[PDB]
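Undergrad: Below is one structure. I have some questions about it.
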Amino acid sequence: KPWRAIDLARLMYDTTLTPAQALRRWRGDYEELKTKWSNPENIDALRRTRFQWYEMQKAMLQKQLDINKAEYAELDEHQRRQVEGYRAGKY
Amino acid sequence: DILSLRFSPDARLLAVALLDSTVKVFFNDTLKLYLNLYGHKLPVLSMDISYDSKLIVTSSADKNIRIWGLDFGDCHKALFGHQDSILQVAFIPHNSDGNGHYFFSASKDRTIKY
Amino acid sequence: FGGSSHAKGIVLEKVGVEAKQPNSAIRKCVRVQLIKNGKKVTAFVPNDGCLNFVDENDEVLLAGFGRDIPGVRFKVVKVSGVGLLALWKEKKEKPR
Amino acid sequence: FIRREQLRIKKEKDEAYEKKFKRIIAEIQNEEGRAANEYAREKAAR
Amino acid sequence: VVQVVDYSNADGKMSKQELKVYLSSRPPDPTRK
Amino acid sequence: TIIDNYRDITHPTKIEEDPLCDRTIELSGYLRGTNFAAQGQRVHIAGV
Amino acid sequence: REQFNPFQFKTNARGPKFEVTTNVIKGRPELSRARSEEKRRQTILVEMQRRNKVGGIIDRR
Amino acid sequence: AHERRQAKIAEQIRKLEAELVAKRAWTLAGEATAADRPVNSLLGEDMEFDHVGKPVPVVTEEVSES
Amino acid sequence: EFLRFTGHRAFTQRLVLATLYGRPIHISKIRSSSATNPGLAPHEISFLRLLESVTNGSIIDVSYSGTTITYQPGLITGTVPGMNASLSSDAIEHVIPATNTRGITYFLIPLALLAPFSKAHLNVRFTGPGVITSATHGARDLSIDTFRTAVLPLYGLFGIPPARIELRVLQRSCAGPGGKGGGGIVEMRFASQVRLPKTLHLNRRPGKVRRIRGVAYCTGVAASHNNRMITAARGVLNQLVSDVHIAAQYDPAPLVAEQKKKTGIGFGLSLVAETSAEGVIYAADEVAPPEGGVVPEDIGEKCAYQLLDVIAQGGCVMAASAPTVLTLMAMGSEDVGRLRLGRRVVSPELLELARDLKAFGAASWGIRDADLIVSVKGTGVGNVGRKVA
């Protein structure tokens with residue numbers, strides 16, 4: 001059970017909790033970073049892992065039109081109730 | 001070639017001062033370059049830092065002295081005040097009279113200035 | 001231009017409403033966007049108080065220019081589905 | 001003081017004014033006449 | 001055995017092009033190359 | 001929302017207490033425009 | 001320089017009309033014009049620039 | 001409650017109605033001469049107008065220094 | 001008088017959001033703990049005068065203790081010849097006293113994401129004794145060219161045109177006496193306003209970091225320091241990547257009155273990495289403390305290491321850039337805005353900011369996984385007063 005998306009989404013809007021306590025609950029100076037990036041194997045692993053205008057406009061806008069509902073087709077209460085509100089076409 | 005070096009009155013810094021009209025100040029414990037001072041056209045003859053090590057005076061054969069700070073080593077004041085090559089300069093270590101940032105500059109044309 | 005008589009457009013952002021004199025052609029220029037390509041071209045409107053009818057993002061129809069910024073090419077006939085001379089003789093008001 | 005300030009404002013305003021409009025007129029004339037003479041050469045080819 | 005240190009001895013200067021794209025009041029965009 | 005059905009909700013004790021008071025209204029409707037908010041929705045109603 | 005640029009200022013040529021003993025510049029026109037310019041700027045110009053500006057900070061402390 | 005708010009509003013309406021049926025004052029009238037306007041309303045006022053001339057040059061500090 | 005907030009956290013951004021929505025707020029209990037300096041801070045009252053200067057119709061009431069404010073925002077003008085200034089293009093002055101310690105970037109990111117929502121151009125010129133052009137130790141305020149090469153790219157992504165940003169400096173300054181002091185002066189001209197910023201999708205992975213630039217700057221010291229800074233950060237990053245390059249700078253001195261003194265002396269370092277794909281970058285800064293006297297090579301390695309840290313950390317942008325881009329996506333249209341953050345990049349400031357979004361009624365965020373994706377529901381507020389003739 002690591003720090004997780006839905007757990008974060010619950011802890012995000014929590015009026016009973018401070019952001020600091022929420023962050024420490026969700027997850028778990030200079031000399032420390034100095035050590036961490038004087039370790040050469042760590043830096044080398046990071047090295048490996050880090051190194052018809054009309055119809056065109058309408059097509060891009062319907063990309064927008066599908067990308068919404070493509071982005072909140074994920075969760076009911078957090079999104080369909082809380083992110084995107086109450087949707088049109090409903091009674 | 002070095003022409004002058006000193007300690008710090010708190011045994012924390014050391015400073016060498018070279019033929020190249022340059023000065024290289026290091027720490028006392030390990031001799032790593034804290035900074036370096038320039039800005040004289042002729043090689044330095046002497047230097048003196050304050051009893052609290054808050055201040056440098058750096059006098060060179062260009063007939064002038066430079067007042068630096070020992071944090072970032074910024075020249076507080078260039079002073080052109082002797083008609084000849086000043087050989088030496090010295091502060092008083094005792095600020096018990098309330099005068100510790102006073103200093104004497106002694107120069108080849110037979111004169112000292114307080 | 002193009003291959004047809006008229007062309008369609010949106011008007012982009014009016015310049016020359018900062019124009020000082022009342023009736024100068026650098027009031028009566030307007031900036032249209034040609035839809036069939038996406039171009040930015042420069043068109044006229046035949047009177048100041050009808051430039052007032054052309055508002056930004058209202059469907060605007062342009063056409064040729066036949067006869068003090070010499071050689072503008074384009075002027076505008078139907079605004080948003082109703083003709084300019086119509087609106088400016090105050091026949092039918094503007095539907096957006 | 002009002003007089004010297006107001007009239008200095010008029011001067012600076014008018015200079016910026018005529019500069020701004022000669023800029024826009026020159027750019028617009030150049031573009032429109034540019035493609036216009038292009039259409040001239042193209043229609044004159046046939 | 002004595003300790004000895006030596007002081008008896010930069011390429012970040014970029015190019016004029018990289019000057020005029022990086023130090024100006026005119027910032028670099030994200031979509032240029 | 002074009003309102004589909006009007007309804008009044010108020011405690012009859014509050015009605016007999018104040019015949020003019022802040023009643024509550026239920027309104028059935030359809031979601032016609034774009035979406036509502038999640039909370040903090042502000043509404044005007046015709047001549048209301 | 002004070003004495004020998006004396007048209008920085010204005011002085012009566014007479015001296016005192018009566019000599020009283022009890023124990024020369026009577027003014028600086030350039031300084032008066034300077035400071036009056038400063039005050040007239042710092043009030044009238046900012047009034048002219050905020051002719052119609054609504055909203056300010058009220059601070060009681 | 002709503003009737004009380006409306007009553008405050010209607011008193012405000014009759015106030016503005018009194019305003020519109022009042023005599024137009026001397027700033028919103030256009031033709032003000034000294035007979036019609038009282039004593040020192042200019043001294044109280046806040047006008048902007050037009051200026052004709054070249055202003056009297058000022059001999060200031062830094063100018064004389066220049 | 002209608003909305004209520006508390007504390008003293010997220011002061012600027014809270015005023016930013018109250019400003020860019022218009023909702024009238026009432027923030028209480030600024031310093032209920034510190035009886036030493038109870039109530040406000042001089043940089044707070046500085047930003048307050050700043051907002052009243054740049055806006056029109058806002059009204060601020062400050063309590064007798066200064067530990068509570070209420071505030072209704074007016075509207076966002078910019079530089080207007082009747083309300084604000086004398087010309088259309090007068091450069092309106094903001095002076096801030098010597099009792100200031102926070103970075104002008106901490107003032108500036110707020111004006112940065114405010115001014116593209118104005119009525120007209122932004123022409124604001126900062127002067128005064130307490131004006132610092134260096135990164136602060138402080139709450140770790142950024143530095144100037146840091147802010148430039150970091151966030152102005154983000155506006156250029158959002159639709160807010162970089163060429164019609166015009167923000168220049170004249171004089172530079174570090175802190176000087178403690179955190180108090182400064183002096184160096186700047187001018188920001190935004191010829192860049194929009195209706196409705198572009199709703200974007202920063203979702204593709206920013207795999208290949210291509211090049212690295214930086215600036216070593218010296219507000220009043222010898223350039224030996226920054227040449228050593230070059231060679232030191234070169235010795236660090238040369239193991240990694242070839243195209244690393246850095247502008248040097250030294251400015252002589254700023255002088256402010258009591259009779260004037262030079263101040264703002266010091267030196268520091270900013271570094272950024274540009275990514276091959278799109279406007280993806282990584283920025284980090286380290287400065288010397290204004291009374292410290294530490295090694296420029298230590299500054300070089302330390303800024304290098306912090307850069308590598310945020311390189312490992314980042315999903316799309318750095319966390320200091322995160323509030324800016326998140327607020328812009330929030331101002332965006334009635335859309336979803338898709339953004340790829342990393343796991344570590346989360347900050348309680350950003351969390352509380354989303355809480356303030358909830359507090360104003362600004363919408364929610366969806367967060368799913370690919371590091372995470374956050375979509376943010378934009379609203380489409382836009383600038384309020386904008387002419388169409």
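Each chain in the structure tokens gets a letter, A, B and so on, in the order shown; residues start at 1 in every chain, and ligands are counted from 1 in the order they appear.
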Give me the chain I side of the contact with chain G, cut-off 10 Å, one line per residue showing its nearest atom pair and distance in Å at one decimal, counting only C-alpha atoms, sorted by chain and residue number, as CSV.

TA:
residue,atom,partner,partner_atom,distance
I:39,CA,G:61,CA,10.0
I:45,CA,G:57,CA,9.8
I:48,CA,G:57,CA,8.0
I:49,CA,G:57,CA,7.4
I:51,CA,G:57,CA,9.9
I:52,CA,G:56,CA,6.4
I:53,CA,G:56,CA,8.6
I:55,CA,G:55,CA,8.7
I:56,CA,G:55,CA,6.1
I:57,CA,G:55,CA,4.1
I:58,CA,G:55,CA,5.1
I:59,CA,G:55,CA,5.1
I:60,CA,G:57,CA,4.6
I:61,CA,G:58,CA,5.1
I:62,CA,G:59,CA,4.9
I:63,CA,G:60,CA,6.1
I:64,CA,G:61,CA,3.8
I:65,CA,G:61,CA,6.0
I:66,CA,G:61,CA,6.6
I:69,CA,G:59,CA,9.5
I:71,CA,G:57,CA,9.3
I:72,CA,G:55,CA,9.6
I:73,CA,G:55,CA,9.1
I:74,CA,G:55,CA,7.6
I:80,CA,G:49,CA,9.2
I:81,CA,G:49,CA,6.9
I:82,CA,G:52,CA,6.1
I:83,CA,G:53,CA,4.5
I:84,CA,G:50,CA,5.7
I:85,CA,G:49,CA,4.6
I:86,CA,G:49,CA,5.1
I:87,CA,G:49,CA,8.7

Undergrad: Compute the set of chain I residues within 7 Å of chain E, using only C-alpha atoms, and express it as a PDB file with N, CA, C and O atoms, in the first residue's frame.

TA:
ATOM      1  N   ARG I 148      12.563  33.907 -15.411  1.00  0.00           N
ATOM      2  CA  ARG I 148      12.430  34.135 -16.845  1.00  0.00           C
ATOM      3  C   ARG I 148      12.417  32.821 -17.613  1.00  0.00           C
ATOM      4  O   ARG I 148      11.354  32.360 -18.074  1.00  0.00           O
ATOM      5  N   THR I 149      13.574  32.157 -17.621  1.00  0.00           N
ATOM      6  CA  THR I 149      13.810  30.954 -18.398  1.00  0.00           C
ATOM      7  C   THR I 149      13.051  29.760 -17.856  1.00  0.00           C
ATOM      8  O   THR I 149      13.056  28.697 -18.482  1.00  0.00           O
ATOM      9  N   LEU I 152       8.340  31.759 -18.206  1.00  0.00           N
ATOM     10  CA  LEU I 152       7.835  32.453 -19.379  1.00  0.00           C
ATOM     11  C   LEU I 152       7.663  31.476 -20.541  1.00  0.00           C
ATOM     12  O   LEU I 152       6.700  31.613 -21.315  1.00  0.00           O
ATOM     13  N   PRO I 153       8.546  30.459 -20.686  1.00  0.00           N
ATOM     14  CA  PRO I 153       8.191  29.286 -21.491  1.00  0.00           C
ATOM     15  C   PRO I 153       6.808  28.705 -21.249  1.00  0.00           C
ATOM     16  O   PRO I 153       6.136  28.283 -22.196  1.00  0.00           O
ATOM     17  N   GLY I 156       4.314  30.806 -22.962  1.00  0.00           N
ATOM     18  CA  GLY I 156       4.433  30.542 -24.386  1.00  0.00           C
ATOM     19  C   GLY I 156       3.808  29.225 -24.783  1.00  0.00           C
ATOM     20  O   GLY I 156       3.396  29.042 -25.930  1.00  0.00           O
ATOM     21  N   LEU I 157       3.730  28.295 -23.846  1.00  0.00           N
ATOM     22  CA  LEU I 157       2.943  27.101 -24.088  1.00  0.00           C
ATOM     23  C   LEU I 157       1.453  27.379 -23.946  1.00  0.00           C
ATOM     24  O   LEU I 157       0.643  26.847 -24.712  1.00  0.00           O
ATOM     25  N   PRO I 162       5.467  34.867 -25.738  1.00  0.00           N
ATOM     26  CA  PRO I 162       6.765  35.201 -25.155  1.00  0.00           C
ATOM     27  C   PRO I 162       7.432  36.432 -25.745  1.00  0.00           C
ATOM     28  O   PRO I 162       8.010  37.215 -24.989  1.00  0.00           O
ATOM     29  N   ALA I 163       7.353  36.642 -27.060  1.00  0.00           N
ATOM     30  CA  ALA I 163       7.974  37.813 -27.666  1.00  0.00           C
ATOM     31  C   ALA I 163       7.328  39.099 -27.196  1.00  0.00           C
ATOM     32  O   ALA I 163       7.994  40.134 -27.140  1.00  0.00           O
ATOM     33  N   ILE I 165       6.052  39.255 -24.138  1.00  0.00           N
ATOM     34  CA  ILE I 165       6.590  39.574 -22.816  1.00  0.00           C
ATOM     35  C   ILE I 165       7.787  40.480 -23.035  1.00  0.00           C
ATOM     36  O   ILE I 165       8.593  40.234 -23.936  1.00  0.00           O
ATOM     37  N   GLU I 166       7.918  41.519 -22.219  1.00  0.00           N
ATOM     38  CA  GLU I 166       9.119  42.354 -22.228  1.00  0.00           C
ATOM     39  C   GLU I 166       9.426  42.713 -20.775  1.00  0.00           C
ATOM     40  O   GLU I 166       8.889  43.680 -20.233  1.00  0.00           O
ATOM     41  N   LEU I 167      10.292  41.933 -20.131  1.00  0.00           N
ATOM     42  CA  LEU I 167      10.698  42.195 -18.753  1.00  0.00           C
ATOM     43  C   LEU I 167      12.214  42.284 -18.708  1.00  0.00           C
ATOM     44  O   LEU I 167      12.910  41.300 -18.974  1.00  0.00           O
ATOM     45  N   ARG I 168      12.715  43.461 -18.362  1.00  0.00           N
ATOM     46  CA  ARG I 168      14.141  43.737 -18.352  1.00  0.00           C
ATOM     47  C   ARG I 168      14.571  44.199 -16.972  1.00  0.00           C
ATOM     48  O   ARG I 168      13.741  44.567 -16.129  1.00  0.00           O
ATOM     49  N   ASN I 227      33.950  32.438 -12.698  1.00  0.00           N
ATOM     50  CA  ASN I 227      34.721  31.542 -13.553  1.00  0.00           C
ATOM     51  C   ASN I 227      35.011  30.231 -12.837  1.00  0.00           C
ATOM     52  O   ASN I 227      34.923  29.146 -13.435  1.00  0.00           O
ATOM     53  N   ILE I 230      31.825  28.290 -12.949  1.00  0.00           N
ATOM     54  CA  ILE I 230      31.763  27.602 -14.230  1.00  0.00           C
ATOM     55  C   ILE I 230      32.533  26.301 -14.176  1.00  0.00           C
ATOM     56  O   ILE I 230      31.989  25.235 -14.477  1.00  0.00           O
ATOM     57  N   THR I 231      33.804  26.372 -13.798  1.00  0.00           N
ATOM     58  CA  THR I 231      34.646  25.184 -13.845  1.00  0.00           C
ATOM     59  C   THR I 231      34.181  24.128 -12.848  1.00  0.00           C
ATOM     60  O   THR I 231      34.277  22.927 -13.119  1.00  0.00           O
ATOM     61  N   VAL I 244      26.424  21.746 -21.782  1.00  0.00           N
ATOM     62  CA  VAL I 244      26.166  22.591 -20.628  1.00  0.00           C
ATOM     63  C   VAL I 244      26.908  23.904 -20.841  1.00  0.00           C
ATOM     64  O   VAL I 244      28.066  23.916 -21.277  1.00  0.00           O
ATOM     65  N   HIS I 245      26.208  25.008 -20.608  1.00  0.00           N
ATOM     66  CA  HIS I 245      26.713  26.337 -20.936  1.00  0.00           C
ATOM     67  C   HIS I 245      26.051  27.331 -19.994  1.00  0.00           C
ATOM     68  O   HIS I 245      24.930  27.097 -19.533  1.00  0.00           O
ATOM     69  N   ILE I 246      26.731  28.432 -19.692  1.00  0.00           N
ATOM     70  CA  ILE I 246      26.300  29.329 -18.626  1.00  0.00           C
ATOM     71  C   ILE I 246      26.771  30.748 -18.910  1.00  0.00           C
ATOM     72  O   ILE I 246      27.942  30.972 -19.234  1.00  0.00           O
ATOM     73  N   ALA I 247      25.851  31.699 -18.798  1.00  0.00           N
ATOM     74  CA  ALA I 247      26.188  33.108 -18.861  1.00  0.00           C
ATOM     75  C   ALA I 247      26.732  33.606 -17.529  1.00  0.00           C
ATOM     76  O   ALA I 247      26.170  33.349 -16.460  1.00  0.00           O
ATOM     77  N   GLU I 278       9.204  19.252 -25.875  1.00  0.00           N
ATOM     78  CA  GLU I 278       8.407  20.474 -25.844  1.00  0.00           C
ATOM     79  C   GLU I 278       8.921  21.328 -24.695  1.00  0.00           C
ATOM     80  O   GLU I 278      10.025  21.107 -24.188  1.00  0.00           O
ATOM     81  N   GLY I 279       8.116  22.296 -24.269  1.00  0.00           N
ATOM     82  CA  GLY I 279       8.531  23.194 -23.216  1.00  0.00           C
ATOM     83  C   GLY I 279       8.619  22.509 -21.870  1.00  0.00           C
ATOM     84  O   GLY I 279       7.808  22.758 -20.975  1.00  0.00           O
TER      85      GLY I 279
END

Undergrad: Need to verify the contact set: residue 53 of chain C, 9 Å, only C-alpha atoms, exclusion of same-chain residues closer than 5 positions in sequence. Can you return it as number ranges by chain?

TA: C: 79, 84, 87-88, 94

Undergrad: Write a file of the just-selected residues containing C-alpha atoms, as a CSV table (one decimal), in the first residue's frame.

TA:
chain,number,residue,atom,x,y,z
C,79,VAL,CA,-22.7,40.3,-42.1
C,84,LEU,CA,-24.2,45.3,-45.0
C,87,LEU,CA,-28.2,46.8,-42.0
C,88,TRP,CA,-27.0,50.3,-42.8
C,94,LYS,CA,-28.2,41.9,-36.8

Undergrad: Name all residues at most 9 Å from segment 3-17 of chain D (count only C-alpha atoms; drop same-chain ones fewer than 2 positions away) and give them as a PDB file with C-alpha atoms, in the first residue's frame.

TA:
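This is the output file result18.pdb:
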ATOM      1  CA  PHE D   1       2.703  73.435 -12.876  1.00  0.00           C
ATOM      2  CA  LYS D  19       4.543  56.897 -34.868  1.00  0.00           C
ATOM      3  CA  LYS D  20       2.074  54.116 -34.079  1.00  0.00           C
ATOM      4  CA  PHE D  21      -0.143  54.822 -37.003  1.00  0.00           C
ATOM      5  CA  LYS D  22       2.617  55.197 -39.590  1.00  0.00           C
TER       6      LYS D  22
ATOM      7  CA  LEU G  45       0.829  64.891 -10.638  1.00  0.00           C
TER       8      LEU G  45
ATOM      9  CA  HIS H  51      -4.158  75.283 -22.706  1.00  0.00           C
ATOM     10  CA  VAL H  52      -2.793  77.682 -25.320  1.00  0.00           C
ATOM     11  CA  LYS H  54       4.293  78.282 -24.632  1.00  0.00           C
ATOM     12  CA  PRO H  55       4.896  78.191 -20.893  1.00  0.00           C
ATOM     13  CA  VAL H  56       7.227  80.607 -19.125  1.00  0.00           C
TER      14      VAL H  56
ATOM     15  CA  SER I  86      -0.561  59.665 -17.400  1.00  0.00           C
ATOM     16  CA  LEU I  87      -0.074  57.980 -20.760  1.00  0.00           C
ATOM     17  CA  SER I  88      -1.266  54.757 -22.163  1.00  0.00           C
TER      18      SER I  88
END

Undergrad: What lies within 12 Å of residue 289 of chain I using only C-alpha atoms, ignoring chain neighbours under 6 positions off, as a list in words?

TA: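 Contacts, in chain order: residues 71 and 72 of chain B; 134, 135, 136, 137, 138, 140, 174, 175, 176, 177, 178, 179, 264, 265, 266, 267, 268, 295, 296 and 299 of chain I.
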
Undergrad: Name the residues in contact with residue 56 of chain C at a cut-off of 9 Å, using only C-alpha atoms, excluding same-chain residues fewer than 2 positions from it; report them as a list in words.

TA: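 Once the nearby chain positions are removed, what remains is residues 10, 11, 12, 13, 14, 54, 58 and 59 of chain C; 388 and 389 of chain I.
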
Undergrad: If DSSP is run on the backbone, what residues of chain E are helix (DSSP H, G or I)? A reply as a ChimeraX atom specification would be ideal.

TA: /E:16-22

Undergrad: Mind dumping the selected residues with N, CA and C atoms as an mmCIF file, in the first residue's frame?

TA:
data_model
loop_
_atom_site.group_PDB
_atom_site.id
_atom_site.type_symbol
_atom_site.label_atom_id
_atom_site.label_comp_id
_atom_site.auth_asym_id
_atom_site.auth_seq_id
_atom_site.Cartn_x
_atom_site.Cartn_y
_atom_site.Cartn_z
ATOM 1 N N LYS E 16 27.250 33.799 -29.244
ATOM 2 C CA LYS E 16 26.476 35.036 -29.315
ATOM 3 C C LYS E 16 24.997 34.763 -29.534
ATOM 4 N N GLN E 17 24.678 33.721 -30.299
ATOM 5 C CA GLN E 17 23.292 33.315 -30.495
ATOM 6 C C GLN E 17 22.655 32.909 -29.182
ATOM 7 N N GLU E 18 23.384 32.150 -28.371
ATOM 8 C CA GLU E 18 22.806 31.713 -27.117
ATOM 9 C C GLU E 18 22.726 32.860 -26.114
ATOM 10 N N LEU E 19 23.632 33.843 -26.216
ATOM 11 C CA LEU E 19 23.438 35.099 -25.495
ATOM 12 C C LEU E 19 22.118 35.741 -25.861
ATOM 13 N N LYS E 20 21.925 36.031 -27.146
ATOM 14 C CA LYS E 20 20.765 36.823 -27.519
ATOM 15 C C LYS E 20 19.475 36.030 -27.390
ATOM 16 N N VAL E 21 19.548 34.723 -27.170
ATOM 17 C CA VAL E 21 18.307 34.037 -26.838
ATOM 18 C C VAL E 21 18.164 33.828 -25.336
ATOM 19 N N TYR E 22 19.209 34.056 -24.538
ATOM 20 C CA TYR E 22 19.016 33.683 -23.142
ATOM 21 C C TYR E 22 19.079 34.840 -22.152
#

Undergrad: Could you check how far atom CA of residue 41 of chain F sits from atom CA of residue 82 of chain A, in Å to one decimal?

TA: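 About the pair atom CA of residue 41 of chain F and atom CA of residue 82 of chain A: they are 13.1 Å apart.
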
Undergrad: What's the separation between atom CA of residue 26 of chain B and atom CA of residue 40 of chain B, in Å to one decimal place?

TA: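 Interatomic distance here is 19.6 Å.
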